[PDB]
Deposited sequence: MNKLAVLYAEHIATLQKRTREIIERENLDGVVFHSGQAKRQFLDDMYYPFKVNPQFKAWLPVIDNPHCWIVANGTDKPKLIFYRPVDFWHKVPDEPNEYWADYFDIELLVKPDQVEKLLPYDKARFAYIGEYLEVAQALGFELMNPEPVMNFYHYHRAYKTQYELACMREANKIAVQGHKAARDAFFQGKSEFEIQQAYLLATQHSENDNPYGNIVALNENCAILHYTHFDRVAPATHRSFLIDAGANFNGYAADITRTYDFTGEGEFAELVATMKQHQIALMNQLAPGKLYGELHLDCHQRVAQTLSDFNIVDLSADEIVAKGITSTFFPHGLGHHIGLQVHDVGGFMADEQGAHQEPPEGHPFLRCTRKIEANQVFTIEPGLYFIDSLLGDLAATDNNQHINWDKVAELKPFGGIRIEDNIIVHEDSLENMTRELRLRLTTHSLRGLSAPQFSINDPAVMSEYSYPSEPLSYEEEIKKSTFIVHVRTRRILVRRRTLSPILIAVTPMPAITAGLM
């Protein structure tokens, strides 16, 4: 059989159920999900890569097809207007024939402007869920992405079905295959660009195939949080390596990060090691009922406990915390839900210190320690400048920073660290 296919059946049933609750709560005849269209480059004839509407790939693993429409009410079989053009120019895939095809009443669409006769006769009562408000309005839809319907699905999107969890496991598997190849490459001393190419080859992913734009940084670039470029020339000296990169599976994202030392023995190599442990401990705290805010205060606690131990700051943890200086070394959140979207949706009425970690939710735990001169500077401009070992900073500054991020499934009974279980030390 197909473990995935057996899971899918329940996935559909879950979405169907949520579709019924919501159109009732808002008195709708049904919800229409538009996959989107391709965007044309200004004054050109080229297009940007296509990126499906999350709300559409939520139902099925069709992420590379524009002009597809889902119309459902939760009780009847959902309709799938599937775009399958015909023209010798582009290769034509066979009609939908995989396990999910059976769960929809599929109607083939050959021309994007022919969709109206395939849609409901009276559209006034169906909610349009998509980006092209103009096109919907032309077809007769009047309810444009109703906040109530959007927040509803978004709220439940935080609770991953079994098919979703399996999908995400697959995405993690592919992503580590590449996080290791990218590792080897760093140690072989290749450039950021070469390593990035290594990661793509190992994940069999094209650049536009991955969930977000990879961060492949070396030495001081590791401090650029949102580093996007890829130097083509390998640094003179290879010191530090930080790579934030994921992979995709049926529309679900993986979001892993790893920092490395080139040798594996100096101060920095030591710093990373602390972080790893800190990271794993923060990972170990996830449990239904916990408030993210607690793991937050604890991450910052551990940061300060690290800044004090490596004499980066000549104070104690409680004071680095208290005086409020841990944020200039760890300037971002500890984690975020993740699924169909890297920084996934959810939460009571459209990550907070108040939100509660619940079962079947997926998270990233990504604590970090960075030496970001811009942020480092503003610290020297306050009467805290005194309490810091600047000589120590410049001693590490050339390594940029550290980040370790895993993707963890939270079960009612336990934690499943997809990343580490796949053995990515």
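- Missing C-alpha coordinates mark the following deposited-sequence intervals, in order: 351-365, 441-517.
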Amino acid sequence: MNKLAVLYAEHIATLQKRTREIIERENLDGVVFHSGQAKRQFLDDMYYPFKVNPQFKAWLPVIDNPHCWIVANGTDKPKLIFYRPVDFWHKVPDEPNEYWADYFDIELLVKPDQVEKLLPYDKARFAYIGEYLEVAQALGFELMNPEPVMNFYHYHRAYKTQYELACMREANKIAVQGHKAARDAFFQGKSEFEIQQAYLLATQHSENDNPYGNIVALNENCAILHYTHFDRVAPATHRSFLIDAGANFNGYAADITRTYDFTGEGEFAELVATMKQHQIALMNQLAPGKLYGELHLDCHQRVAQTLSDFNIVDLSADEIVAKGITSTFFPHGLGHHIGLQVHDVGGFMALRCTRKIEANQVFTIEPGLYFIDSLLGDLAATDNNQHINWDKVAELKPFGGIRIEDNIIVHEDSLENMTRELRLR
From here on, numbers count along this sequence of modelled residues.
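- Higher mean CA temperature factor between 30-38 and 49-57: 30-38, per the PDB entry.
- Once the C-alpha B-factors are averaged per stretch, 293-301 and 70-78 rank with 293-301 first.
- Remark: of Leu340, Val313, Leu118, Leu242, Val313 shows the highest value [criterion: C-alpha B-factor in the PDB entry].
- As recorded in the PDB entry, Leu379 shows the highest C-alpha B-factor of the residues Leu43, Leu379, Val362, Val62.
- Residue-level temperature factors show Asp344 in the lowest third of its chain, judged at the C-alpha atom.
- In the PDB entry, a CA B factor belonging to the middle third of its chain's modelled residues is recorded for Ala136.
- In the deposited entry, the Cα temperature factor of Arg352 places it in the highest third of its chain's modelled residues.
- Annotation for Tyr99: CA B-factor lies in the middle third of the chain's modelled residues.
- When the modelled residues of the chain are ordered by C-alpha B-factor, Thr237 sits in the highest third.
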